[PDB]
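Enquirer: Got an experimental structure here, sequence first:
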Amino acid sequence: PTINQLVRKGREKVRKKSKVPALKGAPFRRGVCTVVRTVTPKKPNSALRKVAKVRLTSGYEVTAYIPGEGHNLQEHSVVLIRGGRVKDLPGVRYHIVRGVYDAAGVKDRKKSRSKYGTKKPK
Amino acid sequence: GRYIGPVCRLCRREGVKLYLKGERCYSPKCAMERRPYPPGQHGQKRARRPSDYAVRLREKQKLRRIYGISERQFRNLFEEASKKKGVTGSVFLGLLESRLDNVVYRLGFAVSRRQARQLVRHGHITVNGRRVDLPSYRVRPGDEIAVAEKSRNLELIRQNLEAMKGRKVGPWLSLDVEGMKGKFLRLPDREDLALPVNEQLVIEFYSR
Amino acid sequence: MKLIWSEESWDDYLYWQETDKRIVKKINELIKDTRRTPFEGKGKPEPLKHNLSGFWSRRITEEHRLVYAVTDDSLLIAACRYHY
Amino acid sequence: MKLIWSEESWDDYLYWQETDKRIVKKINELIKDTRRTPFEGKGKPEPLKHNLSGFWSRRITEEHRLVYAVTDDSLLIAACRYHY
RNA sequence: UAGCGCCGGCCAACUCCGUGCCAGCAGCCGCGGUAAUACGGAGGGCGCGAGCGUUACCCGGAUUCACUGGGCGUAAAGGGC
RNA sequence: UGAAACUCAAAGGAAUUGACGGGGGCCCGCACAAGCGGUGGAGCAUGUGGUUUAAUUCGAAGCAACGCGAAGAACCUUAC
RNA sequence: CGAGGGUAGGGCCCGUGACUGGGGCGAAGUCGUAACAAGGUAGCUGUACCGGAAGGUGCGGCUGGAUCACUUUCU
Ligand code: SF4
Ligand SMILES: [Mg+2]
Ligand SMILES: [Mg+2]
Ligand SMILES: [Mg+2]
Ligand SMILES: [Mg+2]
Ligand SMILES: [Mg+2]
Ligand SMILES: [Mg+2]
Ligand SMILES: [Mg+2]
Ligand SMILES: [Mg+2]
Ligand SMILES: [Mg+2]
Ligand SMILES: [Mg+2]
Ligand SMILES: [Mg+2]
Ligand SMILES: [Mg+2]
Ligand SMILES: [Mg+2]
Ligand SMILES: [Mg+2]
Ligand SMILES: [Mg+2]
Ligand SMILES: [Mg+2]
Ligand SMILES: [Mg+2]
Ligand SMILES: [Mg+2]
Ligand SMILES: [Mg+2]
Ligand SMILES: [Mg+2]
Ligand SMILES: [Mg+2]
Ligand SMILES: [Mg+2]
Ligand SMILES: [Mg+2]
Ligand SMILES: [Mg+2]
Ligand SMILES: [Mg+2]
Ligand SMILES: [Mg+2]
Ligand SMILES: [Mg+2]
Ligand SMILES: [Mg+2]
Ligand SMILES: [Mg+2]
Ligand SMILES: [Mg+2]
Ligand SMILES: [Mg+2]
Ligand SMILES: [Mg+2]
Ligand SMILES: [Mg+2]
Ligand SMILES: [Mg+2]
């Protein structure tokens, strides 16, 4: 465009959106589980991914994925959200963090121990 | 800080000798002279042509593991050299050779750079009359570096200095073997310092 | 949730017997899945087309499927060995 | 014809499926025996009375029996591992 | 005192066994239905080290709001005149 | 004039090879047309589907499976 | 003069919310054949009416239409 147009109009900024609406960019948020459930994924694959509906401190109610094998989640469990979507599961933009709250870690895991919250055995 | 553990995995890994043990590095029981193929049970299998980043990383790790230094100290010295006037690669090598643990190895007080680091860490080395305990001292030109008088019996350094006479020290260094003291005259040059590396690849690596 | 089998389904079930028990265990896995989740779960639940209208099919293998139907408190199984 | 398993009828079947396959083979043979003829065959076909009227019971072992019934061109099976 | 992440490509490091479109991994592309370098351990290797990974946010790469440095027939874009 | 939430790993332009056309032009083969017998009717032989049997061993599936593996099943052959 | 309060009226925002309207992702569900080849009546477009639905038709426009000039579903 002409320089005079840039003088009048100017250039619009991009104004990026927030992928995670966890109350002004808080990294993690304490929440309580309401419904624990297994959910069928999208259709390039098939499994029984563990999903927990969590109502948290900001009054929001959102779903969350539970990584690892097995859990100890109930319909009344204080958990900590992590953030990070999962492709095969629509509506799930978050992750749960195993290791510190009512949600326990992973029993018998030795490779990636810092992830999934498992201590050093022996 | 210092990388501990096995050291022959390194000369075997980069495929070029690094001499990080000293007396054994001239013996026929040398790792490379015995087994030059890399370790880790996949050494006998042929190597696929590495990527450019792989070549840069291998030369960087090669040069870093020559002196046995941490990566955080390495990059800080690199950025100190580049943002300085002069050709960044040679002055980077000059700053790396100006290390205290390096110059005591270059003066031949020790046989290995790690042995040199252990010697300067125990206060067995002094500069201009004052004792120093750290291997990361920036040696300036004209510094009178010596071994402490209180640690002058020291059977190990006596046998090292005993085998030191007859050998020739580098051109930027001078040494009074009987008085057990060296002098750091000038900053080294790439021609004065033969290393099996290509510093330009390191410059290319950190410029990513 | 009573089980209902056909003649060809059972004959093919016996065909699965004495040949390879892994397919048999996969069948039992699908049975308990459908007892828990009839229209969801593993095996990719999918209905059928023009001739087979009113039933459902699950992926046993990459080559074999399972045909079934569910009435209230009833589960009918047919064709455990065929290719659609 | 049609075959029918009850909800409790599969637990003992899976129990025998992971312990001893020979018993399972005798079970399939007696089901084939009932498949060839309704009121006759192996396992001393005898009916039951008032509490289980209309149902019969066959022998697999003397310690375990089979409760069944035949109608609507179908075969109903109640239990296979207990006396009754 | 030594630990942490990773080893399909991007991106450096490979094998066996276990598993069997299950359990699962995953930033993107996408792996898993019996030989899986991707799941889970083991061995081995790579990176860094009293740190190592993750989440969130900012800038970069993004020349993707282009003053340096973009375009408008057919991709979005010439206003009906 | 003119959005957002949510969702996708694409949507799109031109062009190449091929396939397709109830598109065209050109051209073959018992592909039609012209002609001679023939199947499908009947009785029987053989093979197959189905049903039954304890078993009717198994495979083969439109052209290109069905007087096919069988250029030799009374037991043998034979695996039921 | 004046913080503030009250009555009446006007406007705006937030939350809940009976009753609704459409949308987007998933399932080889059902009914169709709209469109891609002259998609089997060439297609597209503005408008108007009609229709379970895609869509049919009228009026006008475009070529981003073809080729030399009965009707026939779906996988
Ligand atoms: S020569 Fe010395 S430093 Fe080199 S591999 Fe052998 S022992 Fe190690
Ligand atoms: Mg410079
Ligand atoms: Mg830079
Ligand atoms: Mg690699
Ligand atoms: Mg992993
Ligand atoms: Mg990420
Ligand atoms: Mg193998
Ligand atoms: Mg395997
Ligand atoms: Mg495979
Ligand atoms: Mg990986
Ligand atoms: Mg693995
Ligand atoms: Mg960025
Ligand atoms: Mg910019
Ligand atoms: Mg510009
Ligand atoms: Mg552009
Ligand atoms: Mg267009
Ligand atoms: Mg356009
Ligand atoms: Mg115009
Ligand atoms: Mg085109
Ligand atoms: Mg062509
Ligand atoms: Mg003919
Ligand atoms: Mg003719
Ligand atoms: Mg004749
Ligand atoms: Mg005739
Ligand atoms: Mg005939
Ligand atoms: Mg015989
Ligand atoms: Mg007032
Ligand atoms: Mg039309
Ligand atoms: Mg019109
Ligand atoms: Mg209407
Ligand atoms: Mg309508
Ligand atoms: Mg009309
Ligand atoms: Mg018209
Ligand atoms: Mg066209
Ligand atoms: Mg014309």
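Expert: Perfect, I can see it now. Residues are numbered from 1 along each chain as shown, chains lettered A, B, ... in the order given. Ligands and ions are numbered 1, 2, ... in the order given.
Enquirer: tell me the secondary structure for residue B:145?
Expert: strand (DSSP: H, G, I helix; E, B strand; the rest coil).
Enquirer: what's around the residue of chain B found nearest RNA strand E, how many residues?
Expert: The nearest approach of chain B to RNA strand E comes at residue B:40, 2.5 Å away (CB to the nearest atom of the strand). In short, each C-beta sits where N, CA and C put it, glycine included. Residue B:40: 9 surrounding residues under other CB atoms under 10 Å in any protein chain shown.
Enquirer: Run through the residues that contact it.
Expert: Contacts for residue B:40 were tallied using CB atoms under 8 Å, 6 or more residues apart in numbering or on different chains; there are none.
Enquirer: next one: residue A:84
Expert: Contact analysis of residue A:84 by CB under 8 Å, 6+ apart lists A:93, A:94, A:95.
Enquirer: any idea how far whatever residue of chain A ends up closest to chain D lies from residue A:81?
Expert: Closest contact between chain A and chain D, by CB to the nearest CB, is at residue A:48 (20.8 Å). According to CB to CB, to the nearest Å, residue A:48 stands 22 Å off from residue A:81.
Enquirer: Ok, residue B:59 next?
Expert: Between residue B:59 and residue A:81 the distance is 44 Å, computed by CB to CB.
Enquirer: do stretch C:52-59 and RNA strand G meet?
Expert: Yes: judged by CB under 7 Å from any atom of the strand, stretch C:52-59 comes into contact with RNA strand G through residue C:53.
Enquirer: Do I have it right that residue B:80 meets residue B:98?
Expert: No: using CB atoms under 8 Å, residue B:80 is not in contact with residue B:98, being 11.4 Å away.
Enquirer: Which one of the two is surrounded by more residues?
Expert: residue B:98 (19 against 13).
Enquirer: Contacts only, for the closest residue to the more buried one other than its chain neighbours.
Expert: If the residues on either side of it in the chain are set aside, residue B:98 comes closest to residue B:139, at 4.8 Å by CB to CB, 6 or more residues apart in numbering or on different chains. Each residue near residue B:139 by CB under 8 Å, 6+ apart is listed here: B:98, B:99, B:100, B:103, B:127, B:145, B:184.
Enquirer: where exactly do the helices run in chain C?
Expert: C:7-16, C:21-36 (DSSP state H).
Enquirer: quick one: which of those is nearest ligand 1?
Expert: When those are compared by CB to the nearest ligand atom, helix C:21-36 sits nearest ligand 1, at 51.0 Å.
Enquirer: Does chain A have contacts with that closest one?
Expert: No: against chain A, helix C:21-36 shows no contacts by CB under 8 Å from any CB of the partner chain, the least distance being 8.9 Å.
Enquirer: hmm, that helix in reach of RNA strand G?
Expert: No: no part of helix C:21-36 sits close enough to RNA strand G to count as contact by CB under 7 Å from any atom of the strand; the gap is at least 14.8 Å.
Enquirer: same check, this time on stretch C:73-83
Expert: No: legend: contact between stretch C:73-83 and RNA strand G by CB under 7 Å from any atom of the strand is lacking; minimum distance shown is 10.3 Å.
Enquirer: So residue A:35: helix, strand or coil?
Expert: Classification of residue A:35 by three-state DSSP places it in strand.
Enquirer: got it, and residue A:79?
Expert: The three-state assignment at residue A:79 reads strand, by three-state DSSP.
Enquirer: show me what contacts it?
Expert: Contacts here follow CB under 8 Å, 6+ apart; on that basis residue A:79 touches A:30, A:31, A:32, A:33, A:52, A:54, A:64, A:73, A:96, A:101, A:102, A:103.
Enquirer: How many neighbouring residues does the first one have?
Expert: Neighbouring residues of residue A:30 were enumerated by other CB under 10 Å; the total is 12.
Enquirer: Which residues does it form beta bridges with?
Expert: Applying DSSP bridges to residue A:30 yields these beta-bridge partners: residue A:80.
Enquirer: any idea how far residue A:63 is from it?
Expert: Using CB to CB, one gets 16 Å for the distance from residue A:30 to residue A:63.
Enquirer: Same question for the second one.
Expert: Using CB to CB, one gets 11 Å for the distance from residue A:31 to residue A:63.
Enquirer: so residue C:46 makes contact with residue C:66?
Expert: No: in this structure, residue C:46 is not within contact of residue C:66 by CB under 8 Å, at 10.6 Å.
Enquirer: Common neighbours of the two, please.
Expert: Both residue C:46 and residue C:66 are contacted by C:57, C:58, C:59, under the criterion CB under 8 Å, 6+ apart.
Enquirer: between those residues, which has the most around it?
Expert: Across the shared contacts of residue C:46 and residue C:66, neighbour numbers were computed from other CB under 10 Å; residue C:57 holds the maximum, 19 neighbours.
Enquirer: give me the beta-bridge partners of that one?
Expert: Each beta-bridge partner of residue C:57 is listed here: residue C:46, residue C:67, as defined by DSSP bridges.
Enquirer: show me what contacts it?
Expert: C:45, C:46, C:47, C:48, C:65, C:66, C:67, C:68, C:84.
Enquirer: Just the buried ones among the residues you listed, please.
Expert: If you count burial by 16 or more other CB atoms under 10 Å in any protein chain shown, the buried members of the contacts of residue C:57 come out as C:45, C:65, C:66, C:67, C:68.
Enquirer: In JSON lines: the residues you listed, plus distance to residue D:11.
Expert: Output for these, formatted as JSON lines (distance: CB to CB, whole Å):
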{"residue": "C:45", "distance to residue D:11": "24"}
{"residue": "C:65", "distance to residue D:11": "26"}
{"residue": "C:66", "distance to residue D:11": "21"}
{"residue": "C:67", "distance to residue D:11": "24"}
{"residue": "C:68", "distance to residue D:11": "20"}
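Enquirer: Adding distance to RNA strand E, write these out as TSV.
Expert: Rendered in TSV, the data for the buried ones among the contacts of residue C:57 read as follows (distance: CB to the nearest atom of the strand, whole Å):
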residue	distance to RNA strand E
C:45	9
C:65	11
C:66	11
C:67	16
C:68	15
